[PDB]
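Dropping work.txt in here (compact mmCIF, C-alpha atoms):
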```txt
# COMPACT_ATOMS: atom_id res chain seq x y z
CA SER A 1 0.00 0.00 0.00
CA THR A 2 0.89 3.66 -0.27
CA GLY A 3 -0.50 7.02 0.83
CA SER A 4 -0.06 10.58 -0.44
CA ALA A 5 -1.34 13.72 1.25
CA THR A 6 -0.85 17.41 0.68
CA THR A 7 0.60 19.45 3.53
CA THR A 8 -0.20 23.17 3.74
CA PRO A 9 1.46 26.04 5.65
CA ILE A 10 -0.74 27.37 8.47
CA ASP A 11 0.21 30.98 7.79
CA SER A 12 2.23 33.31 5.57
CA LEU A 13 5.47 32.51 7.44
CA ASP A 14 5.34 28.70 7.17
CA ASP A 15 5.24 28.53 10.98
CA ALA A 16 3.95 24.96 10.66
CA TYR A 17 2.26 22.67 8.16
CA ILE A 18 -1.06 20.87 8.43
CA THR A 19 -2.11 17.67 6.72
CA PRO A 20 -5.67 16.31 6.65
CA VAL A 21 -6.15 13.01 8.47
CA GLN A 22 -9.29 10.84 8.50
CA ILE A 23 -10.13 9.37 11.92
CA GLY A 24 -13.00 7.06 12.76
CA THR A 25 -16.11 5.77 11.04
CA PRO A 26 -17.66 7.71 9.44
CA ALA A 27 -14.50 9.70 8.85
CA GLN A 28 -13.78 12.75 10.96
CA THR A 29 -11.17 14.83 9.15
CA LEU A 30 -8.74 16.73 11.36
CA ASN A 31 -5.79 18.82 10.21
CA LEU A 32 -2.71 17.53 12.01
CA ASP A 33 0.87 18.75 12.35
CA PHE A 34 3.08 15.89 11.14
CA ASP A 35 6.04 15.88 13.51
CA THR A 36 9.14 13.76 12.86
CA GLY A 37 10.43 14.95 16.25
CA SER A 38 7.77 13.23 18.38
CA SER A 39 5.83 9.99 18.47
CA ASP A 40 2.30 10.66 19.75
CA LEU A 41 -0.79 11.05 17.54
CA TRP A 42 -2.99 13.31 19.64
CA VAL A 43 -6.06 15.33 18.84
CA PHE A 44 -8.35 18.01 20.14
CA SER A 45 -11.48 16.12 21.12
CA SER A 46 -14.90 16.18 22.70
CA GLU A 47 -13.00 15.55 25.96
CA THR A 48 -10.79 18.66 25.72
CA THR A 49 -11.43 21.25 28.44
CA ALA A 50 -13.91 23.59 26.76
CA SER A 51 -12.03 26.81 27.62
CA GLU A 52 -8.94 25.36 25.90
CA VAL A 53 -10.67 24.89 22.54
CA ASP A 54 -10.73 27.96 20.31
CA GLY A 55 -11.68 27.10 16.73
CA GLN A 56 -10.09 23.67 16.33
CA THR A 57 -11.94 20.76 14.79
CA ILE A 58 -12.42 18.06 17.42
CA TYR A 59 -12.51 14.28 17.30
CA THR A 60 -15.61 12.86 18.96
CA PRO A 61 -15.00 9.16 19.65
CA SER A 62 -18.62 8.54 20.67
CA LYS A 63 -19.61 9.30 17.05
CA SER A 64 -17.17 6.74 15.61
CA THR A 65 -18.39 3.16 15.35
CA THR A 66 -14.80 1.91 15.26
CA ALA A 67 -13.52 3.84 18.32
CA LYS A 68 -12.67 1.84 21.42
CA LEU A 69 -11.40 3.24 24.71
CA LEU A 70 -7.95 1.86 25.46
CA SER A 71 -8.76 1.08 29.06
CA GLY A 72 -6.46 2.59 31.66
CA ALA A 73 -4.18 4.31 29.14
CA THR A 74 -3.12 7.91 29.62
CA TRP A 75 -0.60 10.18 27.93
CA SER A 76 1.22 13.42 28.66
CA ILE A 77 3.77 15.19 26.52
CA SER A 78 5.96 18.26 26.76
CA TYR A 79 7.59 19.68 23.64
CA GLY A 80 10.86 21.52 23.14
CA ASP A 81 9.08 24.86 22.81
CA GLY A 82 7.49 24.48 26.24
CA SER A 83 4.02 23.52 25.05
CA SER A 84 2.22 20.45 26.38
CA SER A 85 -0.91 18.31 26.28
CA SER A 86 -2.34 15.24 27.98
CA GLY A 87 -5.36 12.97 28.12
CA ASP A 88 -6.64 9.44 27.54
CA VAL A 89 -6.51 7.07 24.59
CA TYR A 90 -8.76 5.43 22.02
CA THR A 91 -7.95 3.05 19.23
CA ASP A 92 -9.61 3.82 15.90
CA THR A 93 -9.13 3.68 12.15
CA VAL A 94 -6.82 6.38 10.84
CA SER A 95 -6.17 7.17 7.18
CA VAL A 96 -3.62 9.52 5.61
CA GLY A 97 -3.81 10.19 1.89
CA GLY A 98 -5.54 6.87 1.18
CA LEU A 99 -3.35 4.75 3.49
CA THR A 100 -5.37 3.16 6.29
CA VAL A 101 -4.28 1.84 9.68
CA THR A 102 -6.76 0.01 11.87
CA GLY A 103 -6.28 -0.02 15.65
CA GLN A 104 -4.21 3.16 15.70
CA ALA A 105 -3.79 4.77 19.12
CA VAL A 106 -5.54 8.13 18.95
CA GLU A 107 -4.62 10.15 22.01
CA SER A 108 -7.54 12.32 23.05
CA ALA A 109 -6.56 15.58 24.74
CA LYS A 110 -8.21 16.49 28.02
CA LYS A 111 -5.80 19.40 28.50
CA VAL A 112 -3.68 21.46 26.10
CA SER A 113 -1.34 24.38 26.80
CA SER A 114 -2.08 27.91 25.68
CA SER A 115 0.05 27.74 22.52
CA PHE A 116 -2.17 24.96 21.19
CA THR A 117 -5.41 26.70 22.15
CA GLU A 118 -4.27 29.89 20.45
CA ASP A 119 -3.52 28.12 17.18
CA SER A 120 -6.95 27.47 15.68
CA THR A 121 -5.46 25.86 12.57
CA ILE A 122 -3.80 22.84 14.24
CA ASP A 123 -6.20 20.10 15.40
CA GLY A 124 -3.44 17.91 16.85
CA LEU A 125 -0.12 16.25 16.06
CA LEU A 126 0.85 13.09 14.22
CA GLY A 127 4.22 11.90 15.46
CA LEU A 128 6.65 10.29 13.05
CA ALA A 129 9.75 9.83 15.24
CA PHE A 130 10.50 6.37 16.68
CA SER A 131 7.85 4.68 18.79
CA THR A 132 10.26 4.45 21.72
CA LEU A 133 9.34 8.13 22.44
CA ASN A 134 5.59 7.48 22.60
CA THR A 135 4.23 8.70 25.95
CA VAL A 136 1.24 6.39 26.43
CA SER A 137 1.27 4.64 29.81
CA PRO A 138 1.23 1.92 31.00
CA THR A 139 1.42 0.38 27.53
CA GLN A 140 3.47 2.35 25.02
CA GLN A 141 1.84 2.71 21.60
CA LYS A 142 3.15 2.67 18.03
CA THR A 143 3.20 5.57 15.58
CA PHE A 144 1.06 5.64 12.47
CA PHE A 145 4.16 4.90 10.39
CA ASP A 146 5.23 2.01 12.62
CA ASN A 147 1.75 0.48 12.32
CA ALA A 148 1.61 1.00 8.55
CA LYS A 149 5.15 -0.12 7.80
CA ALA A 150 4.67 -3.82 7.09
CA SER A 151 1.86 -3.07 4.64
CA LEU A 152 3.73 -0.38 2.72
CA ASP A 153 5.25 -1.11 -0.67
CA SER A 154 8.55 0.17 0.81
CA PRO A 155 9.10 1.02 4.51
CA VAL A 156 9.60 4.75 3.94
CA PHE A 157 7.89 8.08 4.11
CA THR A 158 8.96 11.31 2.44
CA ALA A 159 8.59 14.97 3.36
CA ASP A 160 8.45 17.53 0.57
CA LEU A 161 7.60 20.78 2.31
CA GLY A 162 6.91 23.92 0.33
CA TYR A 163 8.23 27.44 0.76
CA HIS A 164 5.15 29.61 1.17
CA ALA A 165 3.31 26.87 -0.75
CA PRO A 166 1.78 23.43 -0.27
CA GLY A 167 3.86 20.26 -0.33
CA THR A 168 3.46 16.54 0.13
CA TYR A 169 3.91 13.68 2.58
CA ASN A 170 4.12 10.29 0.86
CA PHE A 171 4.08 6.89 2.54
CA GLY A 172 5.44 3.73 1.02
CA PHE A 173 7.09 5.06 -2.14
CA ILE A 174 9.62 7.56 -3.43
CA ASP A 175 8.24 9.93 -6.09
CA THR A 176 11.17 10.16 -8.49
CA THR A 177 9.55 13.17 -10.21
CA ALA A 178 9.62 15.25 -7.01
CA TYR A 179 13.36 16.00 -6.86
CA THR A 180 16.32 16.85 -9.06
CA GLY A 181 19.58 14.91 -9.29
CA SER A 182 20.12 12.02 -6.89
CA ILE A 183 19.12 11.32 -3.29
CA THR A 184 22.06 11.17 -0.91
CA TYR A 185 21.53 8.83 2.01
CA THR A 186 23.16 9.26 5.39
CA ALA A 187 23.26 7.22 8.60
CA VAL A 188 20.72 7.61 11.40
CA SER A 189 21.06 7.02 15.11
CA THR A 190 17.84 6.04 16.84
CA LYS A 191 19.44 6.10 20.31
CA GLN A 192 17.48 9.19 21.38
CA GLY A 193 14.32 8.18 19.46
CA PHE A 194 14.82 10.80 16.75
CA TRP A 195 15.82 10.85 13.10
CA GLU A 196 19.30 11.87 14.20
CA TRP A 197 22.06 12.27 11.64
CA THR A 198 25.34 14.10 11.08
CA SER A 199 25.68 16.89 8.54
CA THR A 200 29.12 17.18 6.96
CA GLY A 201 29.35 20.98 7.18
CA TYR A 202 28.06 24.31 5.95
CA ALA A 203 28.61 27.41 3.87
CA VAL A 204 27.24 30.94 4.14
CA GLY A 205 26.19 32.58 0.90
CA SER A 206 28.86 32.18 -1.76
CA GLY A 207 31.50 31.46 0.88
CA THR A 208 33.72 28.42 1.11
CA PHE A 209 32.31 25.22 2.55
CA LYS A 210 33.43 24.40 6.08
CA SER A 211 33.82 20.68 6.64
CA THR A 212 32.63 19.92 10.15
CA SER A 213 30.36 17.30 11.69
CA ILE A 214 27.05 18.66 12.97
CA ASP A 215 24.88 16.10 14.71
CA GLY A 216 21.19 17.00 14.67
CA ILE A 217 17.65 15.80 14.11
CA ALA A 218 15.39 16.05 11.09
CA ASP A 219 12.28 17.57 12.67
CA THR A 220 9.29 18.59 10.58
CA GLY A 221 7.54 19.84 13.72
CA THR A 222 10.12 22.54 14.41
CA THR A 223 9.84 25.76 12.38
CA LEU A 224 13.43 26.99 12.36
CA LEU A 225 16.98 25.73 11.87
CA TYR A 226 18.84 25.49 15.19
CA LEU A 227 22.61 25.08 14.93
CA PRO A 228 25.71 25.58 17.08
CA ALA A 229 26.42 29.14 18.13
CA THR A 230 29.65 29.28 16.10
CA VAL A 231 27.78 28.41 12.88
CA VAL A 232 24.92 30.81 13.58
CA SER A 233 27.29 33.66 14.42
CA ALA A 234 29.13 33.08 11.13
CA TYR A 235 25.83 33.29 9.23
CA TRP A 236 24.50 36.47 10.84
CA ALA A 237 27.88 38.19 10.62
CA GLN A 238 27.17 38.39 6.88
CA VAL A 239 24.01 40.44 7.43
CA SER A 240 24.56 44.14 8.14
CA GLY A 241 22.86 45.15 11.36
CA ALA A 242 21.97 41.63 12.51
CA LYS A 243 22.32 40.95 16.20
CA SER A 244 21.28 38.52 18.89
CA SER A 245 18.60 39.99 21.11
CA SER A 246 17.96 38.40 24.50
CA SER A 247 14.76 40.45 24.75
CA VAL A 248 13.34 39.12 21.48
CA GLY A 249 14.75 35.63 21.96
CA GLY A 250 17.29 35.24 19.18
CA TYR A 251 18.89 36.79 16.14
CA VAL A 252 17.05 39.66 14.51
CA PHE A 253 17.99 41.61 11.41
CA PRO A 254 16.92 44.76 9.57
CA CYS A 255 13.89 44.03 7.43
CA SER A 256 15.64 45.98 4.64
CA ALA A 257 18.37 43.31 4.40
CA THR A 258 18.92 40.82 1.61
CA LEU A 259 19.72 37.55 3.37
CA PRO A 260 22.46 35.22 2.12
CA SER A 261 21.76 31.57 1.45
CA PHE A 262 22.87 28.82 3.84
CA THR A 263 24.22 25.50 2.58
CA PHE A 264 24.39 22.30 4.62
CA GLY A 265 26.23 19.12 3.77
CA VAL A 266 24.75 15.66 3.41
CA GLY A 267 27.72 13.40 2.80
CA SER A 268 29.43 14.85 -0.27
CA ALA A 269 26.16 16.49 -1.38
CA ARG A 270 24.97 20.02 -0.59
CA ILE A 271 21.51 21.42 0.15
CA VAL A 272 21.10 25.16 -0.42
CA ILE A 273 18.61 27.09 1.68
CA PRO A 274 17.79 30.33 -0.18
CA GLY A 275 18.08 33.51 1.87
CA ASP A 276 14.37 34.24 1.65
CA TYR A 277 13.63 30.98 3.54
CA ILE A 278 15.49 32.47 6.52
CA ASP A 279 13.18 35.54 6.80
CA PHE A 280 10.47 35.18 9.46
CA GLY A 281 9.29 38.73 9.17
CA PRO A 282 8.75 41.57 11.60
CA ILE A 283 9.17 40.72 15.28
CA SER A 284 5.90 42.53 15.94
CA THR A 285 3.40 44.08 13.58
CA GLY A 286 4.87 47.14 11.89
CA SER A 287 8.40 46.64 13.18
CA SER A 288 11.43 47.08 10.92
CA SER A 289 13.28 44.41 12.92
CA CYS A 290 12.79 40.95 11.43
CA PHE A 291 13.23 37.53 13.06
CA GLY A 292 15.87 35.15 11.74
CA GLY A 293 15.20 31.62 10.62
CA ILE A 294 18.59 30.30 11.72
CA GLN A 295 19.04 30.39 15.49
CA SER A 296 21.42 29.01 18.09
CA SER A 297 20.82 25.57 19.55
CA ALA A 298 22.89 26.46 22.62
CA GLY A 299 20.79 25.50 25.61
CA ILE A 300 18.42 23.30 23.55
CA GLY A 301 20.92 20.49 23.92
CA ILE A 302 20.49 19.31 20.34
CA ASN A 303 20.78 20.75 16.84
CA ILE A 304 17.51 20.76 14.90
CA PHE A 305 17.12 20.65 11.16
CA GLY A 306 13.60 22.07 11.23
CA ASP A 307 11.36 23.26 8.42
CA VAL A 308 13.72 26.05 7.26
CA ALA A 309 16.21 23.35 6.28
CA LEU A 310 13.86 20.53 5.32
CA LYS A 311 11.72 22.60 2.95
CA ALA A 312 14.84 23.20 0.80
CA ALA A 313 15.00 19.44 0.14
CA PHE A 314 13.11 16.30 -0.73
CA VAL A 315 13.64 14.19 2.40
CA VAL A 316 13.37 10.41 2.67
CA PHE A 317 12.73 8.89 6.09
CA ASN A 318 13.81 5.31 5.48
CA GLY A 319 12.39 3.01 8.15
CA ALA A 320 14.18 -0.14 7.02
CA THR A 321 15.63 -2.40 9.70
CA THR A 322 18.61 -0.05 9.73
CA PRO A 323 17.03 3.37 9.25
CA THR A 324 18.64 6.06 7.10
CA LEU A 325 17.78 9.57 5.89
CA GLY A 326 17.95 10.73 2.30
CA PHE A 327 18.17 14.29 0.97
CA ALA A 328 17.79 15.55 -2.59
CA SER A 329 17.62 19.03 -4.05
CA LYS A 330 14.36 19.95 -5.77
```
Can you turn what I pasted into structure tokens?
Amino acid sequence: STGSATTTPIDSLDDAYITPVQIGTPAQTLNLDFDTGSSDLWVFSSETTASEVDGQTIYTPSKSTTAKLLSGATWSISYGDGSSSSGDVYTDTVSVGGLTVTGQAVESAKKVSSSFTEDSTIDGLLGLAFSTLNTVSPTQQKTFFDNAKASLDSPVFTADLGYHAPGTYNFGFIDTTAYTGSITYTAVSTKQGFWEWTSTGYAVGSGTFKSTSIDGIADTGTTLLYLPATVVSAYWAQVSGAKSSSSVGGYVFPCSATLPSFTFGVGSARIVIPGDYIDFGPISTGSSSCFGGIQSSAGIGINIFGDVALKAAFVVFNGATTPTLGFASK
């Protein structure tokens, strides 16, 4: 089997991407944030504290003939950005782009943090990291991909995120028309439960490539590119007037600037992030200070190849017995 679904930016900045997901019988379609940095499929639901729902579409398990309470199971998750959610668990039929999993754990939120409430466009998350990170207790549950894997034509999914435009998540096949040149594959460590890999270096604009190992995670659920302070300083030093602002929470730059590109290495291959991808616009409405899309990972504890990086590539998440990651230009 295979599946193919379009993923759409939630706003004009590509702050996140939503993908429609069918849950239950008859189908209830919710728009979920596909997150290769976590491993819970959770949704706003009829059980979510009413004051914490503000415009989201909810899953109502009582209206699904295939929903079953997973007795005794609870979940609770905290994300890198400080947001969180928790609740209980149902199993139900879940379909993405024509690919169907029966008995998928659907984690129903009883509580969500303010960031989730305030984002009316995201109805929940669909985790695509390794199932070892799943938070369901006392019986850990599998991700949608893990459940689908044996049925897929090939045990892979691909992320093809757009810049200010829709893109695609495919399951079970590699669309050879969706990228240019060849796909370069690179080793993955699953030791921390993430799609963790090592970039071979970077360049800023038309500058020389610096060969240096940068361990980080491929994370579709993180907006920006978070890299070591040395790398980030070298980038922003090429932008007149750019500075790190503790008050704003990172590097800012004059909105009048033309940003240089940023290249990262995948083995001997190179992925070029155009400068425009690094512009996250005014820090507040009407400001002439703009927020940078490349930020320091210092104090995160891990480097994160988030959407800024991933949307410059066609990315293969290869879930073979020994997982690997593939990157192609597009």
Residues at most 7 Å from segment 129-145 of chain A, counting only C-alpha atoms, excluding those fewer than 6 positions away in the same chain, as a PyMOL selection string? chain A and resi 36-40+73-77+104-105+193-195
Go ahead and save the picked residues with C-alpha atoms, as a short mmCIF file (atom, residue, chain, number, x, y, z; two decimals), in the coordinates of the input.
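Result written to part.cif:
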```cif
data_model
loop_
_atom_site.label_atom_id
_atom_site.label_comp_id
_atom_site.auth_asym_id
_atom_site.auth_seq_id
_atom_site.Cartn_x
_atom_site.Cartn_y
_atom_site.Cartn_z
CA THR A 36 9.14 13.76 12.86
CA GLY A 37 10.43 14.95 16.25
CA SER A 38 7.77 13.23 18.38
CA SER A 39 5.83 9.99 18.47
CA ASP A 40 2.30 10.66 19.75
CA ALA A 73 -4.18 4.31 29.14
CA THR A 74 -3.12 7.91 29.62
CA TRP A 75 -0.60 10.18 27.93
CA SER A 76 1.22 13.42 28.66
CA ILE A 77 3.77 15.19 26.52
CA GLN A 104 -4.21 3.16 15.70
CA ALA A 105 -3.79 4.77 19.12
CA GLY A 193 14.32 8.18 19.46
CA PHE A 194 14.82 10.80 16.75
CA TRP A 195 15.82 10.85 13.10
#
```
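Proximity to residue 160 of chain A was assessed for A:5, A:298, A:266, A:32 counting only C-alpha atoms; the smallest distance is recorded for A:5.
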Calculate how many Å separate atom CA of residue 276 of chain A from atom CA of residue 290 of chain A, rounding to one decimal.
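Distance between the two atoms: 12.0 Å.
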| message | Using all atoms listed in the file for the distances, tell me which of A:163, A:116, A:22, A:67 is nearest to residue 95 of chain A. | response |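 Closest residue, counting all atoms listed in the file: A:22.
Across the model, the gap from atom CA of residue 4 of chain A to atom CA of residue 48 of chain A is 29.4 Å.
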Original post:
Which residues come within 7 Å of residue 64 of chain A, counting all atoms listed in the file, excluding same-chain residues fewer than 6 positions away, as a ChimeraX atom specification?
Top reply: /A:24-26
Of A:23, A:58, A:239, A:252, the one nearest to residue 98 of chain A when counting all atoms listed in the file is A:23
Between atom CA of residue 273 of chain A and atom CA of residue 315 of chain A, what is the spacing in Å?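 Distance between the two atoms: 13.8 Å.
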Using all atoms listed in the file, the shortest atom-to-atom distance to residue 109 of chain A among A:43, A:308, A:21, A:16 belongs to A:43
Give me the residues within 10 Å of residue 258 of chain A as a list in words, counting only C-alpha atoms and dropping any in the same chain fewer than 2 places off.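 Listed by chain and then number, they are residues 239, 240, 253, 254, 255, 256, 260, 261, 275, 276 and 279 of chain A.
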Would you compute the box with edges along x, y and z of the file around segment 280-289 of chain A, including every atom the file lists for it and 8 Å extra on each side, and give its centre and edge lengths in Å to one decimal, as lines of an AutoDock Vina configuration file?
```
center_x = 8.3
center_y = 41.2
center_z = 12.6
size_x = 25.9
size_y = 28.0
size_z = 22.8
```
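Among the candidate residues A:303, A:295, A:151, A:56, the one lying nearest to residue 120 of chain A is A:56, with distances computed using all atoms listed in the file.
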Using all atoms listed in the file, the residue out of A:272, A:248, A:20, A:220 with shortest distance to residue 34 of chain A is A:220
Residue neighbourhood residue 157 of chain A, 10 Å, all atoms listed in the file, exclusion window fewer than 5 positions, as a list in words
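After dropping sequence-adjacent residues, the list is residues 2, 3, 4, 128, 145, 149, 152, 169, 170, 171, 172, 173, 174, 315, 316, 317, 318 and 319 of chain A.
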